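> Next comes protein25.txt, compact mmCIF, C-alpha atoms and all ligand atoms:
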```txt
# COMPACT_ATOMS: atom_id res chain seq x y z
CA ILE D 1 0.00 0.00 0.00
CA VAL D 2 1.36 3.36 -1.12
CA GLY D 3 0.36 6.60 0.59
CA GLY D 4 -1.92 5.03 3.14
CA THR D 5 -2.19 4.88 6.91
CA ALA D 6 -1.96 2.12 9.50
CA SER D 7 -5.29 0.47 10.19
CA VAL D 8 -6.82 -0.09 13.61
CA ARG D 9 -7.03 -3.56 15.09
CA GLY D 10 -10.15 -5.13 13.57
CA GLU D 11 -10.84 -2.23 11.22
CA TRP D 12 -10.99 -4.66 8.26
CA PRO D 13 -12.48 -7.94 9.68
CA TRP D 14 -12.51 -9.80 6.36
CA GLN D 15 -8.85 -9.15 5.47
CA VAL D 16 -6.48 -12.07 5.96
CA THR D 17 -2.81 -12.74 5.22
CA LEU D 18 -1.93 -15.79 3.13
CA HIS D 19 1.48 -17.35 3.75
CA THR D 20 3.45 -19.94 1.79
CA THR D 21 5.89 -22.29 3.52
CA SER D 22 8.02 -22.92 0.41
CA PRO D 23 10.94 -22.44 0.44
CA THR D 24 10.44 -20.65 3.76
CA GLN D 25 7.43 -18.93 5.29
CA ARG D 26 6.46 -15.40 4.27
CA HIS D 27 3.47 -13.24 3.43
CA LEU D 28 2.22 -14.32 0.00
CA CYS D 29 -0.96 -12.41 -0.78
CA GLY D 30 -3.98 -10.70 0.64
CA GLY D 31 -7.40 -12.32 0.93
CA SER D 32 -11.01 -11.82 1.99
CA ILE D 33 -13.20 -13.97 4.22
CA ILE D 34 -16.62 -14.43 2.63
CA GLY D 35 -17.86 -17.54 4.39
CA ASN D 36 -17.23 -19.99 7.23
CA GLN D 37 -14.66 -21.83 5.10
CA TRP D 38 -14.24 -19.58 2.08
CA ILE D 39 -11.39 -17.18 1.31
CA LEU D 40 -11.52 -15.12 -1.87
CA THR D 41 -8.35 -13.91 -3.57
CA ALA D 42 -6.51 -13.51 -6.87
CA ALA D 43 -5.63 -16.52 -8.98
CA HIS D 44 -2.18 -15.27 -9.95
CA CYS D 45 -1.26 -15.69 -6.27
CA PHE D 46 -0.80 -19.38 -6.80
CA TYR D 47 1.66 -19.32 -9.66
CA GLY D 48 3.83 -22.40 -9.17
CA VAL D 49 2.01 -23.47 -5.98
CA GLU D 50 1.68 -27.23 -6.19
CA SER D 51 -0.03 -28.31 -2.99
CA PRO D 52 -2.61 -26.39 -0.94
CA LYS D 53 -0.60 -27.80 1.95
CA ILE D 54 2.01 -25.05 1.61
CA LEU D 55 -0.67 -22.42 2.22
CA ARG D 56 -1.45 -21.08 5.70
CA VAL D 57 -4.24 -18.57 6.29
CA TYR D 58 -4.20 -16.04 9.15
CA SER D 59 -7.28 -13.99 9.98
CA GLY D 60 -7.81 -11.25 12.53
CA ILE D 61 -4.29 -10.01 11.87
CA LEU D 62 -3.14 -6.40 12.26
CA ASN D 63 0.62 -6.87 12.49
CA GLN D 64 2.63 -9.59 10.77
CA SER D 65 4.67 -9.98 13.95
CA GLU D 66 1.53 -11.54 15.39
CA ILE D 67 2.63 -14.51 13.28
CA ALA D 68 5.39 -16.76 14.64
CA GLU D 69 6.08 -20.48 14.22
CA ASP D 70 3.78 -21.11 17.23
CA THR D 71 0.88 -19.12 15.73
CA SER D 72 -2.48 -20.70 14.86
CA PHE D 73 -3.65 -20.63 11.26
CA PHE D 74 -6.36 -22.11 9.06
CA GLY D 75 -5.24 -24.91 6.80
CA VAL D 76 -6.26 -24.76 3.14
CA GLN D 77 -8.20 -27.81 2.08
CA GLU D 78 -8.63 -26.81 -1.57
CA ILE D 79 -7.43 -24.20 -4.08
CA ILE D 80 -10.05 -23.36 -6.67
CA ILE D 81 -8.92 -21.28 -9.64
CA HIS D 82 -11.24 -19.96 -12.36
CA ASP D 83 -11.10 -22.35 -15.33
CA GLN D 84 -10.50 -19.45 -17.74
CA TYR D 85 -7.55 -17.85 -15.89
CA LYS D 86 -4.21 -17.49 -17.69
CA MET D 87 -2.52 -14.19 -16.94
CA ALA D 88 -3.56 -11.68 -14.29
CA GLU D 89 -3.34 -9.10 -17.06
CA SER D 90 -5.93 -10.97 -19.15
CA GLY D 91 -8.64 -11.26 -16.51
CA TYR D 92 -10.25 -14.03 -14.47
CA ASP D 93 -7.63 -13.34 -11.84
CA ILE D 94 -9.84 -14.81 -9.15
CA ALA D 95 -9.47 -17.84 -6.92
CA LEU D 96 -11.22 -19.50 -4.00
CA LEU D 97 -9.68 -21.20 -1.00
CA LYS D 98 -11.67 -23.75 0.94
CA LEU D 99 -10.35 -23.84 4.51
CA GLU D 100 -9.76 -27.13 6.32
CA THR D 101 -11.78 -25.96 9.31
CA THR D 102 -14.77 -23.69 9.86
CA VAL D 103 -14.07 -20.10 10.90
CA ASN D 104 -15.59 -18.78 14.11
CA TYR D 105 -16.62 -15.19 13.54
CA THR D 106 -15.59 -12.61 16.12
CA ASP D 107 -15.00 -8.88 16.37
CA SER D 108 -11.66 -9.44 14.57
CA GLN D 109 -12.80 -11.75 11.77
CA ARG D 110 -16.12 -11.57 9.93
CA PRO D 111 -16.93 -12.02 6.24
CA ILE D 112 -17.72 -9.32 3.70
CA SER D 113 -20.89 -9.18 1.59
CA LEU D 114 -20.41 -9.95 -2.09
CA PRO D 115 -21.69 -7.08 -4.24
CA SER D 116 -25.22 -7.54 -5.63
CA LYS D 117 -25.50 -8.45 -9.31
CA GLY D 118 -28.39 -6.02 -9.23
CA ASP D 119 -25.68 -3.37 -8.77
CA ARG D 120 -23.78 -3.86 -12.03
CA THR D 121 -17.85 4.90 -4.29
CA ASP D 122 -16.52 4.88 -0.73
CA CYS D 123 -13.69 2.48 -1.54
CA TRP D 124 -10.55 1.42 0.28
CA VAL D 125 -7.70 -0.84 -0.74
CA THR D 126 -5.99 -2.50 2.24
CA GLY D 127 -2.93 -4.70 2.62
CA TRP D 128 0.55 -5.40 4.00
CA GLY D 129 2.33 -4.80 0.73
CA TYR D 130 5.06 -2.42 -0.34
CA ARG D 131 4.89 1.32 0.24
CA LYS D 132 6.68 1.81 -3.08
CA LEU D 133 7.77 -0.34 -6.06
CA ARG D 134 10.95 -1.49 -4.35
CA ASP D 135 10.45 -1.98 -0.62
CA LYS D 136 9.27 -4.57 1.92
CA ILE D 137 6.22 -6.11 3.54
CA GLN D 138 4.68 -3.83 6.16
CA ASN D 139 4.28 -5.13 9.70
CA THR D 140 1.12 -3.11 10.34
CA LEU D 141 -1.88 -3.55 7.99
CA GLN D 142 -2.12 -0.56 5.68
CA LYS D 143 -5.24 1.10 4.25
CA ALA D 144 -6.02 3.77 1.66
CA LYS D 145 -9.09 5.46 0.18
CA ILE D 146 -9.01 5.21 -3.62
CA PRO D 147 -11.64 6.40 -6.13
CA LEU D 148 -12.86 4.08 -8.88
CA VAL D 149 -11.90 5.13 -12.41
CA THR D 150 -14.07 4.20 -15.41
CA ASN D 151 -12.82 1.55 -17.79
CA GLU D 152 -12.76 3.96 -20.74
CA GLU D 153 -10.54 6.04 -18.46
CA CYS D 154 -8.45 2.98 -17.55
CA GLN D 155 -8.00 1.72 -21.10
CA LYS D 156 -6.50 5.07 -22.07
CA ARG D 157 -3.86 4.84 -19.35
CA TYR D 158 -3.10 1.33 -20.59
CA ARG D 159 -2.71 1.52 -24.36
CA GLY D 160 -0.87 -1.80 -24.31
CA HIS D 161 -3.30 -3.70 -22.10
CA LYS D 162 -6.93 -4.55 -22.85
CA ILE D 163 -9.11 -3.65 -19.89
CA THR D 164 -12.26 -5.76 -20.14
CA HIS D 165 -15.53 -5.36 -18.27
CA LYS D 166 -14.38 -8.06 -15.83
CA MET D 167 -11.90 -5.52 -14.52
CA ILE D 168 -12.28 -2.26 -12.61
CA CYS D 169 -9.60 0.33 -12.00
CA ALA D 170 -9.03 2.54 -9.00
CA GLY D 171 -6.46 5.25 -8.44
CA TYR D 172 -5.72 8.95 -8.65
CA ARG D 173 -5.11 10.98 -11.77
CA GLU D 174 -1.96 12.06 -9.96
CA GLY D 175 -1.18 8.76 -8.26
CA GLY D 176 0.36 8.63 -4.80
CA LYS D 177 -2.23 6.22 -3.41
CA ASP D 178 -2.47 2.71 -4.80
CA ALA D 179 -1.81 -0.95 -3.92
CA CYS D 180 1.66 -2.42 -4.46
CA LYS D 181 3.55 -5.74 -4.36
CA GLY D 182 2.11 -7.88 -1.59
CA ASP D 183 -1.39 -6.39 -1.64
CA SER D 184 -2.29 -8.83 -4.42
CA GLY D 185 -5.31 -11.02 -3.73
CA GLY D 186 -6.38 -8.44 -1.17
CA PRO D 187 -9.75 -6.64 -1.01
CA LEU D 188 -10.95 -3.40 -2.50
CA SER D 189 -13.77 -2.69 -0.07
CA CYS D 190 -16.45 -0.12 -0.79
CA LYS D 191 -19.12 0.98 1.66
CA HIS D 192 -22.65 1.78 0.49
CA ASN D 193 -25.44 2.70 2.87
CA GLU D 194 -22.93 1.66 5.53
CA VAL D 195 -22.73 -1.90 4.24
CA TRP D 196 -19.37 -3.13 2.99
CA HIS D 197 -19.10 -4.98 -0.31
CA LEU D 198 -16.11 -6.78 -1.84
CA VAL D 199 -15.95 -4.88 -5.13
CA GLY D 200 -12.48 -5.84 -6.25
CA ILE D 201 -9.49 -8.12 -5.80
CA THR D 202 -6.08 -6.48 -6.12
CA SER D 203 -4.57 -7.73 -9.37
CA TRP D 204 -1.93 -5.69 -11.22
CA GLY D 205 -0.71 -2.35 -12.53
CA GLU D 206 2.35 -0.54 -13.93
CA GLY D 207 4.53 0.31 -10.97
CA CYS D 208 2.79 1.57 -7.84
CA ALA D 209 0.80 4.80 -7.44
CA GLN D 210 2.33 6.36 -10.55
CA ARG D 211 0.65 9.33 -12.22
CA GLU D 212 -2.03 8.13 -14.67
CA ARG D 213 -1.56 4.45 -13.79
CA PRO D 214 -4.69 3.24 -11.99
CA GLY D 215 -4.42 -0.04 -10.13
CA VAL D 216 -6.17 -2.84 -11.98
CA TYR D 217 -8.46 -5.02 -9.88
CA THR D 218 -10.70 -7.99 -10.63
CA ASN D 219 -14.32 -6.82 -10.94
CA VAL D 220 -15.98 -9.13 -8.39
CA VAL D 221 -19.62 -8.50 -9.27
CA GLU D 222 -18.89 -10.22 -12.58
CA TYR D 223 -18.11 -13.43 -10.66
CA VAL D 224 -20.72 -13.92 -7.94
CA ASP D 225 -22.42 -16.51 -10.17
CA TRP D 226 -19.11 -18.34 -10.52
CA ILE D 227 -18.68 -17.99 -6.77
CA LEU D 228 -22.07 -19.43 -5.79
CA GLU D 229 -21.32 -22.25 -8.22
CA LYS D 230 -18.05 -23.06 -6.48
CA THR D 231 -19.18 -22.45 -2.88
CA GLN D 232 -22.27 -24.62 -3.33
CA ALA D 233 -22.02 -28.06 -1.67
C1 LIG J 301 0.59 -8.39 -6.00
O1 LIG J 301 0.65 -7.83 -4.68
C2 LIG J 301 1.61 -9.51 -6.16
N1 LIG J 301 1.31 -10.59 -6.79
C3 LIG J 301 2.40 -11.45 -6.80
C4 LIG J 301 3.51 -10.92 -6.14
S1 LIG J 301 3.21 -9.37 -5.50
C5 LIG J 301 0.86 -7.24 -7.00
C6 LIG J 301 -0.16 -6.09 -6.86
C7 LIG J 301 0.03 -5.00 -7.93
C8 LIG J 301 -0.89 -3.82 -7.73
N2 LIG J 301 -0.44 -2.75 -8.61
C9 LIG J 301 -0.88 -1.49 -8.66
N3 LIG J 301 -2.08 -1.14 -8.18
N4 LIG J 301 -0.08 -0.58 -9.21
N5 LIG J 301 0.75 -7.79 -8.37
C10 LIG J 301 1.74 -8.02 -9.23
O2 LIG J 301 2.93 -7.79 -8.96
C11 LIG J 301 1.35 -8.59 -10.62
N6 LIG J 301 2.12 -7.84 -11.65
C12 LIG J 301 2.03 -6.50 -11.86
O3 LIG J 301 1.28 -5.78 -11.21
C13 LIG J 301 2.87 -5.85 -12.96
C14 LIG J 301 2.07 -5.75 -14.27
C15 LIG J 301 2.87 -5.08 -15.41
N7 LIG J 301 2.28 -4.95 -16.59
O4 LIG J 301 4.03 -4.66 -15.23
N8 LIG J 301 4.06 -6.64 -13.17
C16 LIG J 301 5.21 -6.48 -12.51
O5 LIG J 301 5.34 -5.59 -11.63
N9 LIG J 301 6.20 -7.33 -12.86
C17 LIG J 301 7.56 -7.39 -12.29
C18 LIG J 301 8.37 -8.48 -13.03
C19 LIG J 301 7.46 -7.69 -10.79
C20 LIG J 301 8.31 -7.01 -9.87
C21 LIG J 301 8.24 -7.29 -8.47
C22 LIG J 301 7.30 -8.25 -7.98
BR1 LIG J 301 7.21 -8.64 -6.16
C23 LIG J 301 6.45 -8.94 -8.89
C24 LIG J 301 6.52 -8.67 -10.28
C25 LIG J 301 1.64 -10.13 -10.66
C26 LIG J 301 3.15 -10.44 -10.79
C27 LIG J 301 0.91 -10.78 -11.85
```
Go ahead and express the file in the form of structure tokens.
Ligand SMILES: *[C@@](O)(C1NC=CS1)[C@H](CCCNC(=N)N)NC(=O)[C@@H](NC(=O)[C@H](CC(N)=O)NC(=O)N[C@H](C)c1ccc(Br)cc1)C(C)C


Amino acid sequence: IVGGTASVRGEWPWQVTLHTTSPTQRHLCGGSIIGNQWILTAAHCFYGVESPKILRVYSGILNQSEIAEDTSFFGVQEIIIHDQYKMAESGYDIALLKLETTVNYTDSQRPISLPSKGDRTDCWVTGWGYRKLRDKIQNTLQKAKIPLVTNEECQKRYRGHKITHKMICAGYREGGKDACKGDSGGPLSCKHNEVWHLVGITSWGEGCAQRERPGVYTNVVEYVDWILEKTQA
């Protein structure tokens, strides 16, 4: 997260930190709780990830230093990637994680409502990623208010990339506030009528918070059907 501020403990209940044990443990990507045993995130986060067994999910986290070898975590029973995914920059950068055990909701971990298809503004991108292109994972969960930018507006900034309707861009004309390396998979949460909705999944972008370079996110509303299909028994 570039140009943001440290969050408060429990400020973003759905946000979780995904770790990989190979070759050694470390933050891998962001993620959103959306059900007892369902974590939503970006598909590109599992490039070269063979077994779901190397994945460890931590919810209710504020600071990475809350995580040590003796720290509890939810095991990942299954990794479901969208059958059309290929490159994050081509779309379908969405994936589901089915946790080994059910999640007990508390003040520090609750799910986030999926946007209503009937809805095809007050948005924030959160994460523990870089503060600038070259940097390091942040200990304290970062957050930043970013305005959504139309696709026609996005396409222009990306004359080399084709921004479909399954994508949505957010950023500032001037930059300065955007997600960066390590925020991937993480949520773009927007609040309407004081109800949060998972509008986007951090996906890609040229650099971080650069002028006229909106961050490209997966447009979640375009996948709820896919989601209900995968979450179903
Ligand atoms: C995620 O946090 C990560 N996914 C995997 C590792 S880190 C970032 C979020 C990017 C948000 N950007 C923004 N709002 N400005 N995603 C990526 O790094 C993805 N790639 C890219 O965003 C860009 C796309 C491009 N056309 O350049 N690629 C890129 O930065 N590539 C270089 C090679 C790179 C440098 C450092 C790191 Br840690 C990764 C890649 C994924 C790689 C698809």

> What does the list of residues within 7 Å of ligand LIG 301 (chain J) look like if you count only C-alpha atoms and all ligand atoms, written as a PyMOL selection string?

chain D and resi 29+44-45+88-89+129+178-185+202-209+213-216

> May I have the residues within 9 Å of residue D:199 as a VMD selection string, using all atoms listed in the file and disregarding those fewer than 5 positions away in the same chain?

chain D and resid 114 to 115 123 168 187 to 190 217 to 221

> Within 12 Å of (-13.0, -22.3, -15.7) (file coordinates; only C-alpha atoms), which protein or nucleic acid residues are there? I'd like them as a list in words.

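Output: residues 43, 80, 81, 82, 83, 84, 85, 86, 91, 92, 93, 94, 95, 223, 226, 227, 229 and 230 of chain D.
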
> What is the distance between atom CA of residue D:13 and atom CA of residue D:110, in Å to one decimal?

5.1 Å

> When you look at stretch 58-75 of chain D with a cut-off of 7 Å (counting all atoms listed in the file), what residues show up, excluding the ones that are within fewer than 3 positions of it in the same chain? I need them as a PyMOL selection string.

chain D and resi 9-10+13+15-18+55+99-101+108-109+139-141

> Quick one: of D:191, D:211, D:177, D:165, who's nearest to residue D:130, counting only C-alpha atoms?

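So, comparing all the options, the nearest one is D:177.
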
> Would you work out the distance separating atom CA of residue D:232 from atom CA of residue D:46, expressed in Å to one decimal?

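Computed distance, atom CA of residue D:232 to atom CA of residue D:46, equals 22.4 Å.
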
> Could you check which of D:113, D:210, D:104, D:77 is closest to residue D:2, using all atoms listed in the file?

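Closest to residue D:2, using all atoms listed in the file: D:210.
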
> Let me make sure I understand: among D:38, D:158, D:12, D:196, which one has the smallest atom-to-atom distance to residue D:96 if we use all atoms listed in the file?

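Of all the options, D:38 lies closest to residue D:96.
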
> Please measure the separation of atom CA of residue D:156 and atom CA of residue D:134, giving the value in Å to one decimal.

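The value is 25.7 Å.
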
> Find the axis-aligned box for stretch 118-123 of chain D, covering all its listed atoms and adding 8 Å on each side, and write its centre and edge lengths in Å to one decimal as JSON.


```
{"center_x": -21.0, "center_y": -0.6, "center_z": -6.4, "size_x": 30.7, "size_y": 26.9, "size_z": 27.3}
```

> Within 9 Å of (4.0, -17.2, -0.6) (coordinates as in the file), grab all the protein and nucleic acid residues, counting only C-alpha atoms, and write them out as a list in words.

residues 18, 19, 20, 21, 22, 23, 24, 25, 26, 27, 28, 29, 45, 46, 49, 54 and 55 of chain D

> Determine, counting all atoms listed in the file, which protein, DNA and RNA residues have an atom within 7 Å of an atom of residue D:7; residues of the same chain fewer than 4 positions away are not included. Present the result as a PyMOL selection string.

chain D and resi 11+141-143
